[PDB]
Amino acid sequence: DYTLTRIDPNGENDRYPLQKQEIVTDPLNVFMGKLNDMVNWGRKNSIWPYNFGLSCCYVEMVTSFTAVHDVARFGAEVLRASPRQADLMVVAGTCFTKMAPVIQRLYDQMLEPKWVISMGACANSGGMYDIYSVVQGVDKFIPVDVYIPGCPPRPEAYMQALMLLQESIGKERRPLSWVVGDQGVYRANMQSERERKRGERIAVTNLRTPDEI
Amino acid sequence: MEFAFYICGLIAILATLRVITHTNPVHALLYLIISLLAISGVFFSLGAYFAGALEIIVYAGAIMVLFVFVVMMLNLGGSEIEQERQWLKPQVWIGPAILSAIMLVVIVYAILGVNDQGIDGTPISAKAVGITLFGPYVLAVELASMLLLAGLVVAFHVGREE
Amino acid sequence: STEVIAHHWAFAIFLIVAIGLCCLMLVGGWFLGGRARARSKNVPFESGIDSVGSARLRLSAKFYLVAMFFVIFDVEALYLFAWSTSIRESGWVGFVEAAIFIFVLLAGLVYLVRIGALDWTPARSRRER
Amino acid sequence: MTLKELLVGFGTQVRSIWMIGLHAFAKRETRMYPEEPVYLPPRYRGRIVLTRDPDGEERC
Amino acid sequence: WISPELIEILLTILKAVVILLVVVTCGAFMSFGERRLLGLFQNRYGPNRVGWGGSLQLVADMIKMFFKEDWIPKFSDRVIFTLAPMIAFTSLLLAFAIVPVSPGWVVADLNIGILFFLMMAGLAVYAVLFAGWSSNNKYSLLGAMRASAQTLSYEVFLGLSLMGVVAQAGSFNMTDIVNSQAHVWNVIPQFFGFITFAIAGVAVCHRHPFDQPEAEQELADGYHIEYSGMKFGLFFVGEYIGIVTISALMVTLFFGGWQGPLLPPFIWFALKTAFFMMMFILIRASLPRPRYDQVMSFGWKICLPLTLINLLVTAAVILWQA
Amino acid sequence: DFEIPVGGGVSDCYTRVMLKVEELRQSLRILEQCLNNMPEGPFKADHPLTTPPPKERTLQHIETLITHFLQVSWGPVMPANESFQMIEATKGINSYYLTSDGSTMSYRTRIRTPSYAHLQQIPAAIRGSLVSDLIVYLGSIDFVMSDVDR
Ligand SMILES: CCCCCCCCCCCCCCCCCC(=O)OC[C@H](COP(=O)(O)OCCN)OC(=O)CCCCCCCCCCCCCCCCC
Ligand SMILES: CCCCCCCCCCC1=C(C)C(=O)C(OC)=C(OC)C1=O
Ligand SMILES: CCCCCCCCCCCCCCCCCCCC
Ligand SMILES: CCCCCCCCCCCCCCCCCCCC
Ligand code: SF4
């Protein structure tokens with residue numbers, strides 16, 4: 001129930017993303033597994049976002065940064081302006097055609113480990129802007145870990161996607177050292193939130209009438 | 001106390017030699033910083049604590065403006081190192097090398113011909129240096145202030161762009 | 001005595017353990033964690049677009065005059081460092097010498113301020129009107 | 001610069017420091033997501049559903 | 001090795017090691033406390049989920065930093081690039097190595113003292129200079145030039161601010177300085193020295209409002225943008241050790257250090273040092289960042305004559321009562 | 001009843017920010033006046049081209065159902081004319097110029113925005129200054145880039 005990705009920019013592959021993904025089993029060792037759990041906990045409980053913004057979704061993201069929401073409680077407030085110091089790219093805005101090379105460059109300039117959260121309908125699929133100058137989804141050329149529907153998603157939805165990213169990180173397998181062991185990245189094939197919440201979503205019967213407040 | 005003095009002297013000699021025979025200006029400044037740190041260590045081993053203190057205090061700022069001017073003009077990539085490399089040739093440095101060697105051996109002959117009793121290494125605090133500076137040596141301080149003022153006036157007059 | 005060699009050993013161990021700890025965490029940072037591979041990984045960061053030229057151009061700092069004044073003022077500072085530790089034994093006459101020294105220092109500073117030096121900001125950035 | 005400007009600036013920095021200290025002595029304004037549920041208005045436009053009639057059949 | 005002298009040497013070495021580990025741990029926990037205190041200042045909480053009260057956030061940060069990849073760019077000068085975080089980490093540590101935290105608890109009882117602190121500050125500027133130049137980036141070069149201009153601004157009066165304290169104590173030793181404040185603390189006679197040293201010490205660590213080399217709004221994080229992994233963590237930890245060092249030095253120089261009426265001396269020293277640490281955070285949260293040309297003009301035209309006049313008045317007062 | 005703040009003749013960063021503070025205070029005054037006096041009437045017009053029609057009449061009348069059906073599917077048919085509206089936006093003056101061909105879609109939609117003009121003004125007002133002045137100028141212009149590029 002895992003997927004393995006190995007990347008190779010210099011290999012024979014012209015289209016982005018320059019990676020290969022297969023479906024494998026969990027490789028996980030009486031102490032290596034515990035140390036992998038400890039580093040996964042340390043990575044998931046300390047995620048530093050990239051100060052990269054495209055459009056209105058970034059405004060709601062920095063609304064989440066402020067005091068009335070306090071995403072700092074999750075340890076995700078540091079907001080580095082450099083790609084090298086950042087661990088998470090939140091594509092929060094429209095993936096414009098003129099900025100897709102810029103987004104690809106900034107994704108290349110981040111360092112391992114890296115995670116991608118697409119925020120909003122523009123970043124997910126292009127959204128309302130099925131237009132000549134908009135890339136229909138940032139996942140056309142970068143691998144996206146978490147998707148957030150919304151236009152804009154409210155800040156608590158951004159923290160919900162951050163918690164989903166933390167749950168994804170906390171059970172993935174990565175190379176502990178770059179000199180010993182396999183260098184491929186193992187990510188879990190988790191159950192989707194739609195089928196998980198279908199039990200509690202279908203059973204909804206009555207809501208408050210729109211004339212109230 | 002001998003070990004620190006001799007190790008710092010050897011480090012100063014090596015860093016000075018690497019300074020005078022280097023093409024990279026920033027690396028030369030770094031080795032100059034190392035050499036002056038070693039000089040201050042030599043000062044500290046001889047009991048002149050104030051001398052080493054001023055060697056690190058006032059030359060860290062002196063080499064800092066040297067770094068500022070190196071960034072201002074000299075850094076150009078590999079072109080400046082390549083241009084500096086052509087000026088240094090085996091004949092070019094082998095010319096004055098024998099002159100420096102014969103001067104050094106003459107000065108060494110002069111040094112070895114004097115009597116010795118050994119440096120006791122008794123520390124000299126900055127209080128005694130301050131007492132002597134503002135006591136018997138008044139006019140040295142005042143005309144050194146005038147000398148530094150003169151150098152400042154010269155620096156202002158020359159260093160203006162327009 | 002014993003306290004002096006004990007303090008020297010404590011200072012040496014402080015230096016050694018500090019440098020060794022810095023080296024140890026540098027080695028641990030370098031050895032732990034997998035590497036990343038990208039086509040534009042080894043490119044200087046310039047907000048996502050390729051540079052014009054390089055970052056090794058010569059850059060005209062406007063405060064170089066202030067720098068070569070700073071060296072002189074640092075030497076005046078070292079003279080006052082030497083004076084200030086022995087004020088009581090210097091007497092009132094030494095206070096007169098230091099007063100003359102400091103008066104020459106402010107005379108040079110007022111001269112530097114008034115003649116246009118120590119002012120390298122552009123005309124558009126002088127906050128006029 | 002003028003000495004009065006320097007004194008006014010020093011007092012201004014002191015006043016700003018004092019006000020941020022009184023902000024430290026104030027009440028927190030954070031809504032504790034996800035520990036407390038987010039209050040949403042009845043006509044808030046979020047997840048889309050298809051509803052039923054009171055008879056129990058789908059209204060579409 | 002059974003001798004009172006050798007076990008005394010071992011005890012002094014152990015005390016120095018304890019001081020070093022405590023100040024490094026205090027720098028990392030001071031990063032965590034900066035996050036929590038900025039939350040407190042800005043009507044929020046900060047990290048309070050990783051363990052009880054967020055106490056394990058620093059551990060997760062350390063694990064992430066150690067397992068984030070440490071890289072050296074191909075376009076950078078590798079030796080200087082690796083050297084600069086080491087200097088940034090170690091210079092203010094060696095500056096702290098002279099601070100007396102308690103009677104009988106000091107690493108180095110130097111006769112130079114504040115001179116050694118001046119040496120370590122003049123060596124600490126070179127870390128930021130080397131990081132800015134070596135990374136071969138344009139924002140880094142601009143940040144290095146801004147840091148050099150900042151050093152031009154502050155280092156002229158950094159020592160003359162404390163020369164009043166040196167004149168009052170009559171010596172360069174920190175033990176003599178804290179012993180000279182047995183009757184009154186040095187903040188009251190040397191108040192202009194106090195504020196000028198506060199300005200210069202905030203400028204030493206490149207802390208706000210004096211964060212010109214790494215101004216995120218201006219230079220997009222400035223000189224250390226190419227740094228990542230444990231080199232970036234080395235820069236931040238060295239900055240926080242610098243905060244602790246400057247706070248402890250100001251406590252010893254202007255507030256008596258460990259001297260207090262009722263509490264144990266280390267309790268008073270820790271209370272005043274934590275007070276000035278939270279004042280560092282209060283200064284960062286409170287006031288905006290000035291332009292660096294204005295900073296240079298303020299440091300040259302205002303602070304330097306103020307320190308000179310303060311030294312002259314201090315000498316006149318000392319010789320009047322002698 | 002609200003006031004329009006004006007400057008002294010110099011458009012500084014500080015002057016623009018303080019003018020926006022006074023605009024915020026005047027907007028608070030407008031909000032107080034409209035809170036104290038809000039009419040009790042309809043929230044939609046009685047015109048046949050009001051899109052969409054009121055919901056309860058749509059749910060229980062066939063004329064309203066027909067109008068709603070043809071207005072949400074094909075769109076309202078606005079006759080062939082040119083229209084223009086200029087308003088004071090949050091960042092300046094926002095204008096819509098709409099050319100209708102007599103169909104249910106706009107033949108031409110021209111949007112004039114102030115941030116375009118401000119960003120074009122940027123080189124003429126910051127040339128010769130430092131980069132810090134440019135940072136303050138960027139922070140004190142009140143622009144977003146969806147406003148500029150549209
Ligand atoms: C343990 C160590 C840490 C201790 C923590 C507590 C103390 C921290 C001290 C922090 C000091 C920060 C100082 C910042 C100085 C900035 C000066 C500057 O650049 O001001 C520029 C600004 C405009 O420049 P101007 O000259 O007017 O324009 C010329 C253009 N044609 O001009 C002005 O704004 C004019 C007014 C300048 C005011 C300068 C600062 C006054 C002193 C510092 C603030 C108060 C600190 C606390 C003092 C004690 C309070 C109880
Ligand atoms: C191995 C040690 C790693 C320490 C990591 C510390 C990270 C920085 C925490 C403090 C901080 C700083 C300096 C900071 O620059 C910043 O940006 C404004 C913050 O708020 C988002 C911070 O909380
Ligand atoms: C383009 C001009 C270059 C000028 C270079 C000058 C180099 C001078 C080197 C002198 C070396 C002297 C070595 C010893 C000679 C014998 C002793 C002195 C003369 C009696
Ligand atoms: C926030 C406080 C930061 C303090 C930094 C320096 C601490 C150095 C370690 C001191 C450890 C020893 C303390 C004194 C022991 C003797 C007295 C015990 C009773 C108080
Ligand atoms: S999804 Fe909506 S809110 Fe987000 S960038 Fe697109 S238009 Fe803006």
# chains A, B, ... in the order shown; residues from 1 in each chain; ligands from 1
call {"tool": "residues_around", "arguments": {"residues": "residue 283 of chain E", "least_positions_apart": "5", "cutoff": "10 Å", "atoms": "only C-alpha atoms", "output": "list in words"}}
result
residues 13, 14, 16, 17 and 20 of chain D; 202, 207, 208, 209, 277, 278 and 288 of chain E
call {"tool": "write_last_selection", "arguments": {"atoms": "C-alpha atoms", "output": "mmCIF file, in the first residue's frame"}}
result
data_model
loop_
_atom_site.group_PDB
_atom_site.id
_atom_site.type_symbol
_atom_site.label_atom_id
_atom_site.label_comp_id
_atom_site.auth_asym_id
_atom_site.auth_seq_id
_atom_site.Cartn_x
_atom_site.Cartn_y
_atom_site.Cartn_z
ATOM 1 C CA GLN D 13 10.144 54.141 21.091
ATOM 2 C CA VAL D 14 9.501 53.873 24.845
ATOM 3 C CA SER D 16 5.682 51.673 21.571
ATOM 4 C CA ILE D 17 7.533 49.233 23.857
ATOM 5 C CA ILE D 20 3.394 46.048 23.143
ATOM 6 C CA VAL E 202 21.496 44.955 19.545
ATOM 7 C CA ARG E 207 18.798 41.741 15.881
ATOM 8 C CA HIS E 208 15.785 43.905 15.100
ATOM 9 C CA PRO E 209 15.590 46.882 14.432
ATOM 10 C CA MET E 277 16.130 38.435 26.646
ATOM 11 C CA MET E 278 12.407 39.176 26.736
ATOM 12 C CA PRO E 288 10.189 49.181 12.999
#
call {"tool": "residues_around", "arguments": {"residues": "segment 66-80 of chain C", "least_positions_apart": "5", "cutoff": "6 Å", "atoms": "only C-alpha atoms", "output": "PDB file with N, CA and C atoms, in the first residue's frame"}}
result
ATOM      1  N   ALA B  62      40.216  47.053  10.585  1.00  0.00           N
ATOM      2  CA  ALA B  62      41.069  47.504   9.489  1.00  0.00           C
ATOM      3  C   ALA B  62      40.954  46.578   8.284  1.00  0.00           C
ATOM      4  N   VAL B  65      37.453  46.974   6.344  1.00  0.00           N
ATOM      5  CA  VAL B  65      37.371  47.921   5.239  1.00  0.00           C
ATOM      6  C   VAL B  65      38.213  47.455   4.056  1.00  0.00           C
TER       7      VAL B  65
ATOM      8  N   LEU C 118      30.462  61.952   5.560  1.00  0.00           N
ATOM      9  CA  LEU C 118      29.502  61.176   6.353  1.00  0.00           C
ATOM     10  C   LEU C 118      28.068  61.357   5.864  1.00  0.00           C
TER      11      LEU C 118
ATOM     12  N   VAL E 156      32.320  52.199  16.301  1.00  0.00           N
ATOM     13  CA  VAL E 156      33.027  53.396  16.744  1.00  0.00           C
ATOM     14  C   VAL E 156      32.740  53.684  18.214  1.00  0.00           C
TER      15      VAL E 156
END
call {"tool": "residues_near_ligand", "arguments": {"ligand": "ligand 4", "cutoff": "10 Å", "atoms": "only C-alpha atoms and all ligand atoms", "output": "ChimeraX atom specification"}}
result
/E:15-27,29-30,96-97,99-107,241,244-245,247-248,258,263-278
call {"tool": "residues_around", "arguments": {"residues": "segment 2-4 of chain E", "least_positions_apart": "2", "cutoff": "12 Å", "atoms": "only C-alpha atoms", "output": "list in words"}}
result
residues 2, 3 and 6 of chain C; 6, 7, 8, 9, 10 and 11 of chain E
call {"tool": "residues_around", "arguments": {"residues": "segment 2-11 of chain D", "least_positions_apart": "5", "cutoff": "12 Å", "atoms": "only C-alpha atoms", "output": "ChimeraX atom specification"}}
result
/D:16-18 /E:195,287,298,301-303,306
call {"tool": "write_last_selection", "arguments": {"atoms": "C-alpha atoms", "output": "compact mmCIF listing (two decimals), in the first residue's frame"}}
result
# COMPACT_ATOMS: atom_id res chain seq x y z
CA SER D 16 5.68 51.67 21.57
CA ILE D 17 7.53 49.23 23.86
CA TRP D 18 5.05 49.99 26.65
CA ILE E 195 21.52 53.23 26.16
CA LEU E 287 9.59 49.10 16.77
CA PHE E 298 22.64 58.20 14.16
CA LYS E 301 26.63 62.05 14.74
CA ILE E 302 24.74 61.19 17.96
CA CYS E 303 26.03 58.08 19.76
CA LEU E 306 27.38 61.11 23.51
call {"tool": "select_by_dssp", "arguments": {"residues": "segment 2-62 of chain A", "states": "helix (DSSP H, G or I)", "output": "compact mmCIF listing (two decimals) with C-alpha atoms, in the first residue's frame"}}
result
# COMPACT_ATOMS: atom_id res chain seq x y z
CA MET A 32 15.88 1.36 12.30
CA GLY A 33 12.08 1.40 12.23
CA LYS A 34 11.93 3.30 15.53
CA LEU A 35 14.53 5.81 14.32
CA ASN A 36 12.55 6.24 11.09
CA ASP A 37 9.45 6.87 13.20
CA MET A 38 11.37 9.45 15.25
CA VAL A 39 12.64 11.34 12.19
CA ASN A 40 9.16 11.17 10.62
CA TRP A 41 7.73 12.68 13.82
CA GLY A 42 10.38 15.40 13.81
CA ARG A 43 9.72 16.23 10.16
CA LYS A 44 5.92 16.22 10.52
CA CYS A 56 -5.78 35.47 -3.31
CA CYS A 57 -5.20 32.00 -1.83
CA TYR A 58 -1.90 33.29 -0.44
CA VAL A 59 -3.81 36.14 1.24
CA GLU A 60 -5.96 33.57 3.02
CA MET A 61 -2.79 31.59 3.83
CA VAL A 62 -1.18 34.59 5.55
call {"tool": "residues_near_ligand", "arguments": {"ligand": "ligand 3", "cutoff": "10 Å", "atoms": "only C-alpha atoms and all ligand atoms", "output": "list in words"}}
result
residues 91, 92, 93, 94, 95, 96, 97, 98, 99, 100, 101 and 102 of chain B
call {"tool": "closest_atom_pairs", "arguments": {"of": "chain C", "to": "ligand 1", "cutoff": "9 Å", "atoms": "only C-alpha atoms and all ligand atoms", "output": "tab-separated table"}}
result
residue	atom	partner	partner_atom_place_in_ligand_line	distance
C:121	CA	ligand 1	30 (C)	8.7
C:125	CA	ligand 1	31 (N)	7.7
C:126	CA	ligand 1	31 (N)	4.7
C:127	CA	ligand 1	31 (N)	5.1
C:128	CA	ligand 1	31 (N)	7.1
call {"tool": "write_last_selection", "arguments": {"atoms": "N, CA and C atoms", "output": "mmCIF file, in the first residue's frame"}}
result
data_model
loop_
_atom_site.group_PDB
_atom_site.id
_atom_site.type_symbol
_atom_site.label_atom_id
_atom_site.label_comp_id
_atom_site.auth_asym_id
_atom_site.auth_seq_id
_atom_site.Cartn_x
_atom_site.Cartn_y
_atom_site.Cartn_z
ATOM 1 N N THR C 121 23.986 59.576 1.067
ATOM 2 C CA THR C 121 22.664 59.263 0.554
ATOM 3 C C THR C 121 22.377 60.081 -0.705
ATOM 4 N N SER C 125 16.817 60.449 -2.062
ATOM 5 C CA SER C 125 16.586 59.716 -0.824
ATOM 6 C C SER C 125 16.896 60.548 0.416
ATOM 7 N N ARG C 126 16.993 61.868 0.273
ATOM 8 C CA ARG C 126 17.297 62.754 1.389
ATOM 9 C C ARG C 126 16.050 63.218 2.128
ATOM 10 N N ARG C 127 14.875 62.713 1.737
ATOM 11 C CA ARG C 127 13.594 62.981 2.400
ATOM 12 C C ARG C 127 13.256 64.469 2.424
ATOM 13 N N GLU C 128 13.599 65.170 1.349
ATOM 14 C CA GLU C 128 13.204 66.562 1.203
ATOM 15 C C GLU C 128 11.794 66.640 0.635
#
call {"tool": "interface_residues", "arguments": {"of": "chain C", "to": "chain B", "cutoff": "7 Å", "atoms": "only C-alpha atoms", "output": "MDAnalysis selection string"}}
result
chainID C and resid 56:61 65 67 69 71:72 74:75 82:83 85:86 90 94 101 108
call {"tool": "write_last_selection", "arguments": {"atoms": "C-alpha atoms", "output": "JSON list (two decimals), in the first residue's frame"}}
result
[["chain", "number", "residue", "atom", "x", "y", "z"],
["C", 56, "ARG", "CA", 30.71, 38.53, -8.92],
["C", 57, "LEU", "CA", 30.39, 42.06, -10.32],
["C", 58, "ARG", "CA", 32.24, 44.89, -8.63],
["C", 59, "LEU", "CA", 29.83, 46.83, -6.41],
["C", 60, "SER", "CA", 30.47, 50.48, -5.53],
["C", 61, "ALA", "CA", 29.86, 50.85, -1.81],
["C", 65, "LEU", "CA", 34.76, 57.21, 3.02],
["C", 67, "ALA", "CA", 35.09, 53.14, 6.42],
["C", 69, "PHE", "CA", 37.26, 57.33, 8.73],
["C", 71, "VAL", "CA", 39.67, 53.02, 11.09],
["C", 72, "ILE", "CA", 40.96, 56.38, 12.41],
["C", 74, "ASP", "CA", 38.79, 53.12, 16.07],
["C", 75, "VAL", "CA", 42.39, 54.12, 16.82],
["C", 82, "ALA", "CA", 44.12, 52.94, 27.34],
["C", 83, "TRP", "CA", 43.24, 56.14, 29.21],
["C", 85, "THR", "CA", 41.48, 52.09, 32.78],
["C", 86, "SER", "CA", 43.90, 54.37, 34.68],
["C", 90, "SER", "CA", 46.53, 59.84, 36.02],
["C", 94, "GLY", "CA", 45.77, 63.52, 32.68],
["C", 101, "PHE", "CA", 42.34, 64.73, 22.92],
["C", 108, "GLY", "CA", 37.51, 66.44, 13.52]]
call {"tool": "residues_near_ligand", "arguments": {"ligand": "ligand 2", "cutoff": "9 Å", "atoms": "only C-alpha atoms and all ligand atoms", "output": "ChimeraX atom specification"}}
result
/A:65,72,76-80 /E:27-36,38-39,46,58-66,216,221,229-230,232-234,236-237,239-240
call {"tool": "decode", "arguments": {"residues": "segment 222-244 of chain E", "atoms": "N, CA, C and O atoms", "output": "tab-separated table (two decimals), in the first residue's frame"}}
result
chain	number	residue	atom	x	y	z
E	222	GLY	N	18.16	37.93	2.79
E	222	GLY	CA	19.49	38.53	2.92
E	222	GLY	C	20.62	37.58	2.61
E	222	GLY	O	20.63	36.90	1.59
E	223	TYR	N	21.61	37.55	3.51
E	223	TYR	CA	22.90	36.94	3.21
E	223	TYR	C	22.89	35.42	3.27
E	223	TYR	O	23.63	34.78	2.51
E	224	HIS	N	22.08	34.82	4.14
E	224	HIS	CA	22.11	33.38	4.36
E	224	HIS	C	21.01	32.65	3.59
E	224	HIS	O	20.47	31.65	4.08
E	225	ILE	N	20.67	33.13	2.39
E	225	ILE	CA	19.62	32.48	1.61
E	225	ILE	C	20.10	31.15	1.04
E	225	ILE	O	19.31	30.20	0.92
E	226	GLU	N	21.37	31.05	0.67
E	226	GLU	CA	21.90	29.78	0.17
E	226	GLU	C	22.13	28.77	1.28
E	226	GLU	O	22.25	27.58	1.00
E	227	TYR	N	22.21	29.22	2.53
E	227	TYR	CA	22.44	28.31	3.63
E	227	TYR	C	21.17	27.55	3.99
E	227	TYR	O	20.06	28.08	3.93
E	228	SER	N	21.35	26.29	4.37
E	228	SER	CA	20.24	25.41	4.71
E	228	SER	C	20.78	24.27	5.55
E	228	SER	O	21.99	24.08	5.68
E	229	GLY	N	19.86	23.51	6.13
E	229	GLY	CA	20.27	22.38	6.95
E	229	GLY	C	20.84	22.87	8.26
E	229	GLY	O	20.30	23.77	8.91
E	230	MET	N	21.97	22.29	8.67
E	230	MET	CA	22.57	22.62	9.95
E	230	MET	C	23.46	23.86	9.88
E	230	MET	O	23.84	24.38	10.93
E	231	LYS	N	23.80	24.36	8.69
E	231	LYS	CA	24.50	25.64	8.60
E	231	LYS	C	23.56	26.80	8.90
E	231	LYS	O	23.93	27.74	9.61
E	232	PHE	N	22.34	26.73	8.37
E	232	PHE	CA	21.30	27.70	8.70
E	232	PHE	C	20.97	27.66	10.19
E	232	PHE	O	20.83	28.71	10.84
E	233	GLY	N	20.84	26.45	10.73
E	233	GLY	CA	20.65	26.30	12.16
E	233	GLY	C	21.83	26.80	12.97
E	233	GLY	O	21.64	27.33	14.07
E	234	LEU	N	23.05	26.65	12.45
E	234	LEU	CA	24.22	27.21	13.11
E	234	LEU	C	24.15	28.73	13.16
E	234	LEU	O	24.48	29.33	14.19
E	235	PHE	N	23.71	29.35	12.07
E	235	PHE	CA	23.54	30.81	12.05
E	235	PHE	C	22.53	31.27	13.10
E	235	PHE	O	22.80	32.18	13.88
E	236	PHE	N	21.37	30.62	13.14
E	236	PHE	CA	20.34	31.01	14.10
E	236	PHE	C	20.75	30.73	15.54
E	236	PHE	O	20.53	31.56	16.42
E	237	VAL	N	21.37	29.57	15.80
E	237	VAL	CA	21.80	29.24	17.15
E	237	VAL	C	22.90	30.18	17.61
E	237	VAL	O	22.92	30.62	18.76
E	238	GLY	N	23.83	30.54	16.71
E	238	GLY	CA	24.85	31.52	17.06
E	238	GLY	C	24.27	32.89	17.33
E	238	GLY	O	24.74	33.60	18.23
E	239	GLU	N	23.23	33.27	16.59
E	239	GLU	CA	22.53	34.53	16.86
E	239	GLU	C	21.88	34.51	18.24
E	239	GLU	O	21.92	35.51	18.97
E	240	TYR	N	21.29	33.38	18.62
E	240	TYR	CA	20.62	33.30	19.91
E	240	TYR	C	21.62	33.25	21.07
E	240	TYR	O	21.38	33.83	22.13
E	241	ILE	N	22.75	32.57	20.86
E	241	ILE	CA	23.85	32.62	21.82
E	241	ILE	C	24.38	34.04	21.94
E	241	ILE	O	24.74	34.48	23.04
E	242	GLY	N	24.41	34.78	20.84
E	242	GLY	CA	24.77	36.19	20.91
E	242	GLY	C	23.79	37.01	21.71
E	242	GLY	O	24.18	37.92	22.44
E	243	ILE	N	22.49	36.71	21.58
E	243	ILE	CA	21.47	37.39	22.39
E	243	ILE	C	21.71	37.13	23.87
E	243	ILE	O	21.70	38.05	24.69
E	244	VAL	N	21.95	35.86	24.22
E	244	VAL	CA	22.21	35.49	25.62
E	244	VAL	C	23.48	36.16	26.13
E	244	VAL	O	23.52	36.67	27.26
